[PDB]
Structures are given as structure tokens and as C-alpha cells.
Asker: 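My questions all concern the structure below.
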Amino acid sequence: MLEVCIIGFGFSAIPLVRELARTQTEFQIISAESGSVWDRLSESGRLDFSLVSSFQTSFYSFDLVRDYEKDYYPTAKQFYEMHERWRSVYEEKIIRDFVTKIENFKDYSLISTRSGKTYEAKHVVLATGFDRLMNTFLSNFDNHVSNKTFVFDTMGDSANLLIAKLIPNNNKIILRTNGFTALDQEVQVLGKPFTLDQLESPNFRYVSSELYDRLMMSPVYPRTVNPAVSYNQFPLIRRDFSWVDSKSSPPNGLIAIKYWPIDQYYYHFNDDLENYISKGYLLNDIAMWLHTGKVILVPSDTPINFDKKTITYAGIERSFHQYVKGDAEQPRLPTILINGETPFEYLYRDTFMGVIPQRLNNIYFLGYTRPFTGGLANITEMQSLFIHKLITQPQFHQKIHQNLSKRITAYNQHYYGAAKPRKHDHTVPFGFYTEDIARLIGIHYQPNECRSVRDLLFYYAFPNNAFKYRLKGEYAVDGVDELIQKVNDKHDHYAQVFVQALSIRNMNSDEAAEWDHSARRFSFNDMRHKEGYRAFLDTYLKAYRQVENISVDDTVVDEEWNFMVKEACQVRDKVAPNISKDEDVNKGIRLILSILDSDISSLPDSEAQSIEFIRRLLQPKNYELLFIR
Ligand SMILES: Cc1cc2nc3c(=O)[nH]c(=O)nc-3n(C[C@H](O)[C@H](O)[C@H](O)COP(=O)(O)OP(=O)(O)OC[C@H]3O[C@@H](n4cnc5c(N)ncnc54)[C@H](O)[C@@H]3O)c2cc1C
Ligand SMILES: N[C@@H](Cc1c[nH]c2ccccc12)C(=O)O
Ligand SMILES: N[C@@H](Cc1c[nH]c2ccccc12)C(=O)O
């Protein structure tokens, strides 16, 4: 009898397959001849973009340990190359077929294929990823079309990449949307580049919900009146968050597009522009697009004729070439039949940690949890660890399964509360999720075990990447020591985010919102760092056009667009003329680095009550997670 069958092999399954190989667990992989989007994009020559996620969070520990030199955004091409290197390694263990049905019994599953070949397997893992409506538009849709109007119903990562591609052909972009959360993927900290995932210091939630909330949420909730911020200049991007019913912020089910803000894009790519473009570094600055009106927000309920092929705004019946409905995201699950008979119904909440469904035996889900920020690698590597422990250690299997139902309920209570299931429940803060799995598995760190300020910096402020939890213990990966050192030396041991936590420990929600936006460039959607980049934008469009062999007359005038652009940018034109963090952080960092190797418990009483606070980081009050305990 087959111990393990892995169904679906592209990206999510690699870390698990590695662990099974390490334990010499008998396993087979079944995966489609036809492959993924990535195979689609590759053969159509459309691996011409870059990830919205840091290298650190997007490639697995056992790669980063070899190839991490600096932070950078890997290209689509490089991401694919990495799937293909690991496919090549495990190809012998892969059967090229398509699974059509799984009949789940008491301690095994019957797997049916399109070939008609049948497979029996004790443990069955699904890693089939998602069908995505939008894949066609990246797959196939023409990036040679010009001067047309697109209407997008939802903003997501795919809409932003497509928009990135449509702007340089004077395509006009209307978002008829119920708001969206966009976040500069890269941020200046005293003028040094940090990917937004470097600045989340998630374990600060253990100090309190309240503190972690003002640490994180002012760029997402509309809490500041600072007129430099995109959600005051353009209030249409504001969202209905009344669905959030949890103390854990940012909440499960919050999604965001991560994007190049043009200043960081400039800093990175100005000196070899066309070369950088043609590798796949595309400017996708939604904030810049709104500033310059190459995109407009219109109200959600703006009238629209799909027959007449027009939308009514600015008292204009505007014709449009295409309405893009936006990215529905469906797990690619084959039919799963319970004890031979009853259809299993997938619902992320009805599953433990996105991984363990309730009425099935020895079936695990790998790749169906979405990280709020950073790459899937964080989620998928930790899930692979969790699934490997469940499959090979019956003690672990039993401990987790005994009370699976109460674990799921306690998880859903903590993270979702009374909220009805939403289609984005699969989305989680990466540094909560990785930490969650690490405490489940037992490869977590103990706050109580920090000795130096340095240890407190590593515990609280070093990002909860998967490889953080592979330094020591059951899932240790050689080279993680040197990776963490490298990463720590390059980022000042993450003292700047640690000092942010110090700085707002005593503020209320509104004080922290104001403080976060007092900076000369606050982290996300700072509209003061846009005008000065109009010239560069034209160089960029010229450069994009020369890489993709495009011709466009920039003198054509769409006076309806301009009336529309003017109608849309009314609040902005009112609010933009009305236009501490850098100082506090600057001092905080000087202080922390001065006591790096200073012993914690030892530190002296009443540089004020901030030491009292640093000392209480050994005994955080919000450490309980009832779906673990
Ligand atoms: C356009 C795009 C951009 C993305 N950008 C990023 C990014 O910047 N950063 C990031 O971290 N993530 C990104 N992702 C998300 C994620 O990294 C990819 O979706 C990744 O492909 C998911 O890996 P997977 O292994 O879960 O699924 P896939 O890579 O889709 O692989 C699953 C495999 O299983 C096969 N399969 C499915 N059903 C069956 C079946 N019944 N039987 C047999 N085989 C089956 C499929 O053919 C496929 O080859 C992006 C996704 C897309 C679509
Ligand atoms: N702590 C950083 C980074 C940050 C804030 N909110 C975020 C949301 C998502 C990711 C990163 C962040 C800041 O306050 O600016
Ligand atoms: N799901 C990706 C983000 C992403 C980028 N491009 C996409 C297109 C479609 C769906 C998701 C995406 C992640 O986990 O980081």
C-alpha cells in the first residue's frame, strides 16, 4: 500500500516532497502533462513580469541558503526556472496523469485518473493550486491594443499587472470598484530599501492586539486625515471593513495588491531601464496612475450598459473596449467522495490551518492558504512541514486530529469571529500563519528564552519567514544560520521596526495613524512622492514601448477622458493643496544598537518606561492561541 500520494506538482508541493524524500517515506506524485499558467506564460513568451513578493518570502529556505545575496524581486522567469529545476529533480517520482476523483475510506483513498489507472494511498495531499478567471488575460490577451477604455470591477494582483501593460498604449483605465487595499511593495527606512514584509514584526501581537493594530492598520483603515495619503486624495479606494469581527489585525480575509511605488522603481532601475523592463520589472504604480489620471475610480454603482458597451460617468455615455469582471479564485479540487459515497464540500474555514479537512481521513491541502503580503513560499514551506509531521509521526497525527473540530472552531473564533464565510478567508498575515504552524509543530521560539536585546530583536522584529523556523530543531536546514546573519546585518537586525513598536506603545489608534504619516515619506501611498517623477514616467513609457516594439501618438486628446479625469480628481484637487516618525526612529535605532548584546532581565528600572516595556517582552500577555493549547 502507497504511504503517500501527492496530487499536483508545480510550486506548493516542493518542500513536502523534499521532507518525504529525507524521511524515505514511500510516496508517488501524480500531476497533469499540461502543467500550470507558468507553462502557458512560458510557451506564449509571457514570463515578462516580476513577483509582487520579496526573494526572502518567495523562494524556499533550501534555495535561499545557497542563493540569497541581497533583497530583490525575483522575475516571473526566475520563479518559473526554479519550479522547473525542482520539477527536473523529482520528475522520476511524478506520474503524468490527471486525477478526476478521490474515494476516501477509513485509513486510505482510491484515486481515479483520466488514463483509467487507479491508485490506493494511505495519505493523500492535494497541491493543485487554483483556477483563476484572469489567467486568460495574462495567458493570451493582446498587449498590442491602444487608445481603448477598460472597465475593471475588482482590483487584485492580476488586474494591476494587466493595467501595468495597458497604460503604455494610452489605454484608459476605469475601476468601478467597492474599494481596494494597495501597498507599496518596497519602502524607504532612513533611505534604505525594505520590502513591506520586513516591517511587520508580527510577534508584537503577543504583547497585545491593540499595539499590533496601531503598528499595522493606519495605511489600510482610513484613520489619518493627512492629505498626502491615497485614501484621502481618492476616497473611492476606501473599503467596507464592517465585515471584520476579530481582534487579530490585520484580519484573515484582508487582501492587498503590492506595487512598485515609482520612487523605489526609479532608485532600482533608472540606470539600465530598458534592460530592467525586458527582464520583467514593470512599473505598476496604481497611486501614480490615479495621480496622473491614467486610471480613475468611479463609484461601485455607476450605471453601465453591457449591450450598448458603455458606462455613464461625468454625465458621459463612455464607450469601452472590454469589461474585466475580476479574479474569482477556485481551489482545483477533484471530486472527493466521503467513505466512498458523499460529496465533500470545500470551505477554507471548515479546514484546519487551510490544510486538514474535517470529514476526510489522511487527506491534506497544500497551497490553498494565501499570504496577505510576501510570497506563497512562506505559507507552503510551513504547511509542507506540518503535513510531513502529520504523515510520518502518528503521535503528531493523533494530537492534532483528537480535537480537530474544537481546534477549527477555536481558530475560526480567534481570526474570523461572527463574520459569515467570505471568498477571501483563505488570506492570512504570513507572519501569524508561519508562527501558528511553528507552535503547532513545536519549532517555534519562546519569548522567555531571549537573553539579549539582540534575541528580542530576532524573536519580535526578524520576519516570521519559514526559514526563521529552520535554524534549529526537527526541520533544521543547513546554512540557515548564515542566511539569518546575512539578512540581520543587511537590515540592522530589524531594529527600525522594533523601535516603531517602542514609539507607539503609549499612543491610541488616532495618535499612531498621525505618527505613521508624519514621516517625509510614510511607508504606503504617499502622493507627495509622485509629481517629481512625471519626467521619469515619460522616459519609462518610451523605454517600455521600445522593449515591446510599440508605436503611439501621445498628442491624441480624449476630452471626455479629461472631463472624466477632472470629475474623478475633485476631492484630490480640494485636498492635495492642504499638504516625527523619522526623528523618533532615528533616536530609537541609535539606542537599540547601543545595547544590542546587553542582557534583558538585568536591564535597570526607571530610555524611560521604554526599558520597563522592553523587559516585559520576556512575558507577553497575549501569547494564548486556543487552537494550539
Ligand atoms: C499570474 C500569477 C502571478 C503570481 N505571482 C506570485 C508572486 O509574485 N509571488 C508569489 O509568491 N506567488 C505568486 N503567485 C501564486 C503562486 O506562487 C502560484 O499560483 C503557484 O503556481 C501556485 O503553486 P501551486 O503549486 O499551488 O500550483 P500550480 O503552480 O498551479 O501547480 C499545480 C499543478 O497541479 C496540476 N494539477 C491540478 N489539478 C490536477 C489534477 N487533478 N491532477 C493532476 N495534476 C493536477 C496542475 O496542472 C499544475 O501543474 C502568482 C500566481 C499567478 C497565477
Ligand atoms: N510597520 C511598518 C510596515 C507596515 C505597516 N503596515 C503594513 C501592512 C502590511 C505590511 C507591512 C506594513 C509601517 O508601519 O509602516
Ligand atoms: N497569490 C499570489 C499573489 C498573486 C500575484 N499575481 C496573482 C495573480 C492571480 C492570483 C494571485 C496572484 C501570492 O500568493 O503571493
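Computed over heavy atoms, backbone and side chain alike; hydrogens, waters and symmetry mates excluded. Just so you know, ligand 1 is whichever comes first in the structure, and atom 1 is the first atom listed for that ligand. Numbers here are sequence positions counted from 1.
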Asker: Any atoms of ligand 1 less than 4.0 Å from a non-hydrogen atom of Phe79? List them with their elements.
Answerer: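 Heavy-atom distances to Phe79 below 4.0 Å select 17 (O).
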Asker: Taking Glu210 first and then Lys247, would you say they form a salt bridge - that is, a charged N and a carboxylate O separated by under 4.0 Å?
Answerer: yes
Asker: Taking 4.0 angstrom as the limit, do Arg520 and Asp263 come out as a salt bridge?
Answerer: no
Asker: Should you measure from each heavy atom of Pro219, which atoms of ligand 2 turn up under 4.0 Å away?
Answerer: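 With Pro219 as reference, the close atoms of ligand 2 come out as 6 (N).
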Asker: Heavy-atom contacts with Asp516 under 4.0 Å: which atoms of ligand 2 show up? List them by number with element.
Answerer: 14 (O)
Asker: Going by the order shown, which atoms of ligand 1 are within less than 4.0 Å of some heavy atom of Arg132?
Answerer: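 What qualifies from ligand 1 is 15 (C), 18 (C), 19 (O), 51 (C), 53 (C).
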Asker: Is it the case that ligand 1 has an N or O less than 3.5 angstrom from some N or O of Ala13?
Answerer: no
Asker: Would you indicate which of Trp38, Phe9, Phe59, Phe11 comes nearest to atom 21 (O) of ligand 1 when only heavy atoms are counted?
Answerer: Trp38
Asker: Testing the 3.5 Å rule here: is there a donor-acceptor pair between the side chains of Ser248 and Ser246?
Answerer: no
Asker: Residue-level breakdown please: for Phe524 versus ligand 2, do any non-hydrogen atoms fall below 4.0 Å on the side chain, on the backbone, on both, or on neither?
Answerer: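 It is the side chain that gets close, since no backbone atom is under 4.0 Å.
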Asker: Provide the closest heavy-atom pair for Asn622 versus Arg205 in the form atom of the first, atom of the second, distance.
Answerer: ND2-O, 3.2 Å
Asker: Within the 4.0 Å heavy-atom shell around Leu138, which atoms of ligand 1 are there?
Answerer: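 Atoms satisfying the 4.0 Å criterion: 1 (C).
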Asker: For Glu511, enumerate each residue passing the side-chain contact (heavy atoms from CB on, under 4.5 Å) test, keeping only those at least two apart in sequence or located in another chain.
Answerer: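 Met507, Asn508.
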Asker: Counting only heavy atoms closer than 4.0 Å, does ligand 1 sit against the backbone of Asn135, its side chain, both, or neither?
Answerer: side chain
Asker: Near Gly129, which atoms of ligand 1 are under 4.0 Å from a heavy atom of that residue?
Answerer: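 In order of numbering, the contacting atoms are 26 (O), 27 (O).
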Asker: Taking atom NZ of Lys423 as the centre, report whether more than 12 heavy atoms of other residues, nucleotides or ligands fall under 6.0 Å from it.
Answerer: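 Count not over threshold, so no.
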Asker: Can you confirm whether or not the ring centre of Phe204 sits under 6.0 Å from the ring centre of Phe498?
Answerer: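 Between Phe204 and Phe498, the centre distance is under 6.0 Å.
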Asker: Tell me whether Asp582 is salt-bridged to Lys587, with the criterion being a basic N under 4.0 Å from an acidic carboxylate O.
Answerer: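 Salt bridge: no.
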Asker: If you measure from the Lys or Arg side-chain nitrogens to the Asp or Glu carboxylate oxygens, is any gap between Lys258 and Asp197 under 4.0 Å?
Answerer: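 Salt bridge absent between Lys258 and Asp197.
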Asker: Relative to atom 48 (C) of ligand 1, which among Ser58, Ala76, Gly35, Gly374 owns the nearest non-hydrogen atom?
Answerer: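 It is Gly35 that holds the nearest heavy atom.
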Asker: Could you name the option among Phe98, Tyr368, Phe137 that has the heavy atom nearest to atom 40 (C) of ligand 1?
Answerer: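 Heavy atom nearest to atom 40 (C) of ligand 1 belongs to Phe98.
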Asker: Could you list the residues that satisfy side chain to side chain donor-acceptor pair (under 3.5 Å) with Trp38, not counting sequence neighbours?
Answerer: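 Side chain to side chain donor-acceptor pair (under 3.5 Å) check on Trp38 returns nothing, list empty.
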Asker: Taking all atoms of both residues into account, what is the closest heavy-atom pair of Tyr348 and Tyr368, and its distance?
Answerer: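 Closest pair (atom of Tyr348, atom of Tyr368, distance): CE1-O, 3.7 Å.
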Asker: Just let me know how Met217 lines up against ligand 2, side chain, backbone, both or neither, with a heavy-atom cut-off below 4.0 Å.
Answerer: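 For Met217, there is no contact with ligand 2 at all, from either part.
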Asker: Between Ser53 and ligand 1, does any nitrogen or oxygen pair lie at a separation below 3.5 Å?
Answerer: yes
Asker: Could you check whether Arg85 pairs with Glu91 (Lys NZ or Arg NE/NH1/NH2 to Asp/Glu carboxylate O, under 4.0 Å)?
Answerer: no
Asker: Using a 4.0 Å cutoff against the non-hydrogen atoms of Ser523, which atoms of ligand 2 qualify?
Answerer: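 Those qualifying, in numeric order: 13 (C), 15 (O).
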Asker: Counting both backbone and side chain atoms, is some N or O of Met216 under 3.5 Å from an N or O of ligand 2?
Answerer: yes
Asker: Within the structure, does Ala377 bring an N/O atom to less than 3.5 angstrom of an N/O atom in ligand 1?
Answerer: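 Looking only at distances, the answer is no, because the N/O contact criterion of under 3.5 Å is not met.
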Asker: How would you list, by chain and number, the residues with a heavy atom under 4.0 angstrom from ligand 3?
Answerer: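 Residues near ligand 3: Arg132, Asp157, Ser158, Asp327, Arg370, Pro371, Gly374, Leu376.
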Asker: At less than 4.0 angstrom from any non-hydrogen atom of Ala127, what atoms of ligand 1 do you find?
Answerer: 32 (C), 34 (O)
Asker: Taking salt bridge (charged side-chain N to carboxylate O under 4.0 Å, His left out) as the cut-off, I'd like each qualifying pair that reaches into residues 329-338, sequence neighbours left out, listed once.
Answerer: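 Applying salt bridge (charged side-chain N to carboxylate O under 4.0 Å, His left out) to every pair that reaches into residues 329-338, excluding sequence neighbours, yields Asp131-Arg332, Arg132-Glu329, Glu329-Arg370.
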Asker: Using a 3.5 Å cut-off on N or O atoms only, is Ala32 in polar contact with ligand 1?
Answerer: yes
Asker: Tell me whether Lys530 is salt-bridged to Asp285, with the criterion being a basic N under 4.0 Å from an acidic carboxylate O.
Answerer: yes
Asker: Rounded to the nearest 0.5 Å, how far apart are OH of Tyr281 and OH of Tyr73?
Answerer: 11.0 Å
Asker: Are any of the N or O atoms of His83 closer than 3.5 Å to those of ligand 1?
Answerer: no
Asker: For ligand 1, which atoms sit closer than 4.0 Å to a heavy atom of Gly10?
Answerer: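 In order of numbering, the contacting atoms are 25 (O), 31 (O).
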Asker: Salt-bridge test for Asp492 and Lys192: reply yes if a basic N is under 4.0 Å from a carboxylate O, no otherwise.
Answerer: yes
Asker: Output the list of atoms in ligand 2 that are nearer than 4.0 Å to some heavy atom of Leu199, sorted by atom number.
Answerer: 1 (N), 2 (C), 3 (C), 4 (C)
Asker: Polar-atom distance check: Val52 versus ligand 1, any N or O pair below 3.5 Å?
Answerer: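 N/O-N/O distance below 3.5 Å exists for this pair.
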